Amino acid sequence: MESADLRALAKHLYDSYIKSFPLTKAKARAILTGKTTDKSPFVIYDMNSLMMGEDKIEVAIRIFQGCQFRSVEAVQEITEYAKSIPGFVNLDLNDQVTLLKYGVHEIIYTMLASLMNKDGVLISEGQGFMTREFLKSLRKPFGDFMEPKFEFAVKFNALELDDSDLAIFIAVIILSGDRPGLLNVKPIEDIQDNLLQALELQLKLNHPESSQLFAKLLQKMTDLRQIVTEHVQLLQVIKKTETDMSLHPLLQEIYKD
Amino acid sequence: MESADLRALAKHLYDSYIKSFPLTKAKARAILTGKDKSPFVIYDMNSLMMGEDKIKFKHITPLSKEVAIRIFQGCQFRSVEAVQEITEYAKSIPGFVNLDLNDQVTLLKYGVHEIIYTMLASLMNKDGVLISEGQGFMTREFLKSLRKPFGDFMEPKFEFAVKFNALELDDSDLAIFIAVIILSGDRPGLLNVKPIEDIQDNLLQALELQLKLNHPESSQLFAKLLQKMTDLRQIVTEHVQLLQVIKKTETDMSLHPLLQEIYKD
Ligand SMILES: O=C(O)c1ccc(-c2nn(C(=O)c3c(Cl)cccc3C(F)(F)F)c3ccc(Cl)cc23)c(OCc2cccc3c2OCO3)c1
Ligand SMILES: O=C(O)c1ccc(-c2nn(C(=O)c3c(Cl)cccc3C(F)(F)F)c3ccc(Cl)cc23)c(OCc2cccc3c2OCO3)c1
């Protein structure tokens with residue numbers, strides 16, 4: 001509840017966010033808008049370019065497993081970031097697990113948007129770019145599993161957040177006192193209140209011409225909760241057809257309840 | 001013409017050290033020496049069962065049921081919090097945040113073990129260790145008597161602590177010492193050693209002056225303190241080898257994968 005302390009917290013979370021995540025939104029936007037010369041991605045738009053892409057950098061399964069593997073790495077990255085949020089590690093250890101269990105998916109979607117435009121998504125640390133049309137054209141259940149990520153990303157990216165905004169936003173999501181099964185809601189909400197104050201000041205200073213960006217950003221936490229539910233529900237259905245798939249135990253545990 | 005600058009740097013680090021760490025050495029010594037508000041003492045299984053039911057130690061609450069495992073992991077979890085505390089303290093060392101971000105991460109990664117040991121001695125005497133911000137006191141004998149490898153994992157910390165505490169450092173000494181450890185130019189993988197050593201050279205100057213003024217009767221205390229970095233590197237190395245033996249033999253260490261992720265380092 002002090003401006004300079006709120007600014008200090010924003011700088012702390014931004015700095016830690018840079019340390020925890022390999023590919024920032026700033027880097028991803030430089031790659032996506034191009035204009036540069038050797039940060040240029042190889043573009044995978046069909047079966048044959050995928051085959052060529054392996055030498056430079058079932059098709060639907062291999063792409064799914066590529067997402068699963070990246071998602072697991074994201075969980076690791078998010079987990080390392082979470083420990084830097086002031087107060088998180090001091091919480092009851094079961095609550096730490098619970099907050100990560102229910103928060104990682106919402107964060108993955110958020111940060112996935114940083115890697116997307118309307119035409120595709122960066123992969124392999126920005127070295128490749130896989131087109132939305134190719135992903136949507138994958139077979140049976142896999143195509144319609146890829147596309148909702150793009151649907152969200154386009155809407156979310158219209159807010160034009162930069163990384164210093166996202167670092168606080170991601171922190172706010174993690175410290176959600178309403179997660180099922182929390183033992184100690186009060187210290188979680190005390191931390192989130194500081195993060196919320198920090199976010200509000202951040203958005204007012206960094207986006208002063210963007211009216212009610214704070215409220216509009218929080219209304220996006222609504223769209224996240226819905227899409228994680230559809231994702232989980234659709235992911236389970238895929239399990240009932242595809243035994244040539246298996247989830248990483250880290251993800252397997254997260255989805256269990 | 002920089003005596004006053006070293007005092008300023010000394011005071012700056014002392015003030016910041018007080019803000020970052022929960023239980024100071026000065027406070028911890030009053031408790032250990034008995035100088036009212038007496039900590040709960042854990043000297044065996046039944047007293048542990050009572051203290052976790054009364055005081056509710058956060059690192060020793062069920063989340064394995066085996067007591068020696070639960071105490072081992074409780075140390076791990078407290079070490080995780082200490083890392084964040086040291087990380088926040090590091091940001092206050094003049095020049096640290098201006099270093100290359102990868103080097104900041106590298107220095108913290110390879111220093112936290114040495115610092116946690118150093119600061120653990122503050123909470124220790126020859127008879128046990130303070131826990132939960134001084135609310136509990138777990139005896140050396142109870143820790144040393146734990147089964148299989150866990151007992152022999154606890155006791156080397158006390159052996160180091162007893163020798164380190166004979167230097168009789170206070171918090172104003174330790175604040176500079178901890179900073180010197182952090183700014184180690186020989187950590188593997190550093191990108192830009194020169195500014196790291198430039199800072200350590202200032203911190204070393206401040207530590208030397210601090211020790212002469214604070215311990216004028218303790219000859220070559222500076223040299224003796226730097227010689228303890230030998231004892232630190234050695235035991236951190238031994239510590240790593242002891243953890244791997246525990247990991248490769250103990251089938252009862254399963255935790256939720258998220259928790260394993262938090263504790264990964
Ligand atoms: O770099 C990243 O930060 C990142 C993050 C997420 C994906 C990605 N996951 N995903 C999932 O379903 C998913 C999600 Cl959201 C959350 C949890 C578990 C899963 C799982 F388990 F079910 F997957 C996607 C679906 C579609 C798209 Cl477009 C991307 C993702 C990510 O994807 C990079 C990527 C995209 C296409 C092909 C790839 C690839 O990496 C290698 O090959 C990056
Ligand atoms: O409050 C503190 O400032 C503190 C600091 C350290 C410990 C503690 N770590 N530990 C380790 O092995 C260890 C060490 Cl040195 C360095 C790096 C990583 C580790 C790790 F990761 F491997 F742990 C100990 C071993 C024995 C003892 Cl005695 C204490 C420590 C500490 O421990 C307090 C504590 C907390 C909960 C249960 C306890 C307990 O002490 C006994 O039971 C506090």
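Chain letters run A, B, ... following the sequence lines, proteins first and then strands; every chain starts at 1.
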Examine the side chains of B/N125 and B/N165 and answer whether a donor and an acceptor come within less than 3.5 Å of each other. no
Quick one: do A/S114 and A/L166 satisfy side-chain contact (heavy atoms from CB on, under 4.5 Å)? Show the steps, please. CA-CA 10 Å; A/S114 301; A/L166 289 164; 3.7 Å; yes
One pair to check against side-chain contact (heavy atoms from CB on, under 4.5 Å): B/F21 and B/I86. What are the steps and the verdict? CA-CA 8 Å; B/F21 298 102; B/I86 303 162; 3.8 Å; yes
Examine B/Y43 together with B/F142 and report whether their ring centres are nearer than 6.0 Å. no
Is B/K58 salt-bridged to B/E133, going by a charged N under 4.0 Å from an acidic O? no
Is a salt bridge present between B/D186 and B/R233, judged by a nitrogen-to-oxygen distance below 4.0 Å? yes
Taking side chain to side chain contact (heavy atoms under 4.5 Å, CB included) as the criterion, tell me which of B/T106, B/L183, B/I93 meets it with B/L99. B/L183
Any chance you could lay out the side-chain contact (heavy atoms from CB on, under 4.5 Å) test for B/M119 and B/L23, step after step, and finish with the verdict? CA-CA 10 Å; B/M119 296 187 78; B/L23 189 54; over 6 Å; no
Let me see the working for B/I131 and B/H59 under side-chain contact (heavy atoms from CB on, under 4.5 Å), right down to the final yes or no. CA-CA 10 Å; B/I131 69 176; B/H59 300 313; over 6 Å; no
Rounded to the nearest 0.5 Å, how far apart are CG of B/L123 and NZ of B/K25? 10.0 Å
B/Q84 side chain to A/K83 side chain, donor-acceptor N/O pair below 3.5 angstrom: no
Can a salt bridge be assigned to the pair A/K19 and A/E80 using a cut-off of 4.0 Å between side-chain N and carboxylate O? no
Side chains of A/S164 and A/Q202: is there a donor and an acceptor less than 3.5 Å apart? yes
From the list B/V83, B/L108, B/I181, side chain to side chain contact (heavy atoms under 4.5 Å, CB included) partner of B/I115 resolves to B/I181
Does a donor on one side chain sit under 3.5 Å from an acceptor on the other, for A/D165 and A/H207? yes
Working to the nearest 0.5 angstrom, can you tell me the gap between A/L195 CG and A/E189 CD? 12.5 Å
Quick one: do B/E81 and B/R78 make a salt bridge, cutoff under 4.0 Å? yes
Using a 6.0 Å cut-off, check whether atom CD of B/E168 has over 12 heavy atoms from anything other than its own residue. no
Would you call the rings of B/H113 and B/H239 parallel, tilted or perpendicular if under 30° counts as parallel and over 60° as perpendicular? tilted
Counting neighbours of CE on B/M45 that are heavy atoms of other residues, nucleotides or ligands and sit closer than 6.0 Å, is the number greater than 12? yes
Aromatic rings B/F72 and B/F153: how do their planes relate, parallel, tilted or perpendicular, breaks at 30° and 60°? perpendicular
Rounded distance (nearest 0.5 Å) linking atom OG of B/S3 with atom CG of B/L213: 7.0 Å
Would you give the length of the straight line joining atom CG of B/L207 to atom CG of B/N202, rounded to the nearest 0.5 angstrom? 12.5 Å
Report yes or no: do A/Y17 and A/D163 form a side-chain donor-acceptor pair below 3.5 Å? yes
